[PDB]
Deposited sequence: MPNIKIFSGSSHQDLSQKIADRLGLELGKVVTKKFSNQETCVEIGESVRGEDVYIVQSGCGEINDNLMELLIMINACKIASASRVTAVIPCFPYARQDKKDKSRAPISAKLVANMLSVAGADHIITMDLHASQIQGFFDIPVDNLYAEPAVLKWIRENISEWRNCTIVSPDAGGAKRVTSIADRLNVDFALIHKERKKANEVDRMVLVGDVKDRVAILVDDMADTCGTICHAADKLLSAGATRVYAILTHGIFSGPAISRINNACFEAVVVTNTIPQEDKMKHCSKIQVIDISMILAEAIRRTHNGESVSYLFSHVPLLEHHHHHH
């Protein structure tokens, strides 16, 4: 009844999920014709089935989005009973408002496309902005890595009871005060005027930079420099989505991070060979459990 399919070549997360559910990944032929068009071909009947498509990680965000939309549509017109998009890192999430510019709200565009493609349900993790659930009219389950992150901090940072959770920017305030409050410790915040300004106390204490995602890491690496300058004993960086593109990886080694922790919402195995301070939190069990619970009418909010 449950059928799980994986996006293009990135399959490791998808395989882990299927394993936990006692399933094999559904048969599908996903490629790219010589002329760049995405080719998809569902290799088995999905009629009457509860279908979950786990987004890919072939890096190329537009190819991965189109492959997902095409797979959703194929399953819908092949009479699946329901189609859920499992998208650990939601594409174009940062493009979720105009920001005083004549800009697209591409996150809303992405939501409309998923909907017209035929998605009945979305499962995702740590939306850049919670309001993004409002971009849909279908149910969205937005899972949190927070519980996983707290666990990791307690278990890996000896001085954690007196650390400071630090936001790399002004916009990250809510996220870090949330974490600092759960741990009952201090928080502080960095803002780029450029020069960086720090508000809050970090002197002589472990500093943990926490962010929903890191891309070029230019901001997170500068922040690390600032924190050292302000006398933080040691600096960590905790990111739920480790995009790590461009100079990211070399900026990290080249930085003072005692470690950089991310989830496997994005494949990491390649960059871990090029960066020793990277540790990953496996979130396949959360995702698998969201799917089973989604399938069984069981509570998903428990995992929050």
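Write out the missing regions of the deposited sequence in sequence order, one range per stretch. Unobserved in coordinates, per deposited numbering: 1-2, 196-202, 314-326.
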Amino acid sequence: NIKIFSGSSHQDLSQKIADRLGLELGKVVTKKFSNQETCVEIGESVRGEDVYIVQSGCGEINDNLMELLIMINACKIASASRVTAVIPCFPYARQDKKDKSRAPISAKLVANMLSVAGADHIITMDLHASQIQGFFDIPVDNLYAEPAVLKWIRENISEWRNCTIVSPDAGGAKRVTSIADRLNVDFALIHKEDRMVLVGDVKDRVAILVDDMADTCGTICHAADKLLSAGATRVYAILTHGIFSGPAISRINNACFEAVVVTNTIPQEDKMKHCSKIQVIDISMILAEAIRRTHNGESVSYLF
From here on, numbers count along this sequence of modelled residues.
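Taking only the CA atoms, which stretch has the higher mean B-factor in the record, 269-277 or 236-244? Comparing averages over the C-alpha atoms only gives 269-277.
Hey, which bit's got the bigger mean C-alpha B factor in the entry, 184-192 or 90-98? In the deposited entry, the stretch with the higher C-alpha B-factor mean is 184-192.
Kindly indicate the residue among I252, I53, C39, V28 with the greatest C-alpha B-factor in the PDB record. Highest CA B-factor of the listed options: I252.
Between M71, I132, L228, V166, let me know which has the highest C-alpha B-factor in the entry? Answer for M71, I132, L228, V166: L228, with the highest C-alpha B-factor.
What third of its chain's C-alpha B-factors does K76 belong to: lowest, middle or highest? Its C-alpha B-factor belongs to the lowest third of this chain's values.
Mind checking which third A148 falls in for C-alpha B-factor across the chain? For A148, the deposited C-alpha B-factor lands in the middle third.
Of the three thirds of its chain by CA temperature factor, lowest, middle or highest, which one includes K108? For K108, the deposited C-alpha B-factor lands in the lowest third.
Looking at the temperature factor on the CA atom of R161, which third of the chain's modelled residues does it land in? Its C-alpha B-factor, which the entry lists for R161, ranks in the highest third among residues of this chain.
Ranking the modelled residues of this chain by C-alpha B-factor as given in the entry, is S178 in the lowest, middle or highest third? Answer is middle: the recorded C-alpha B-factor places it there.
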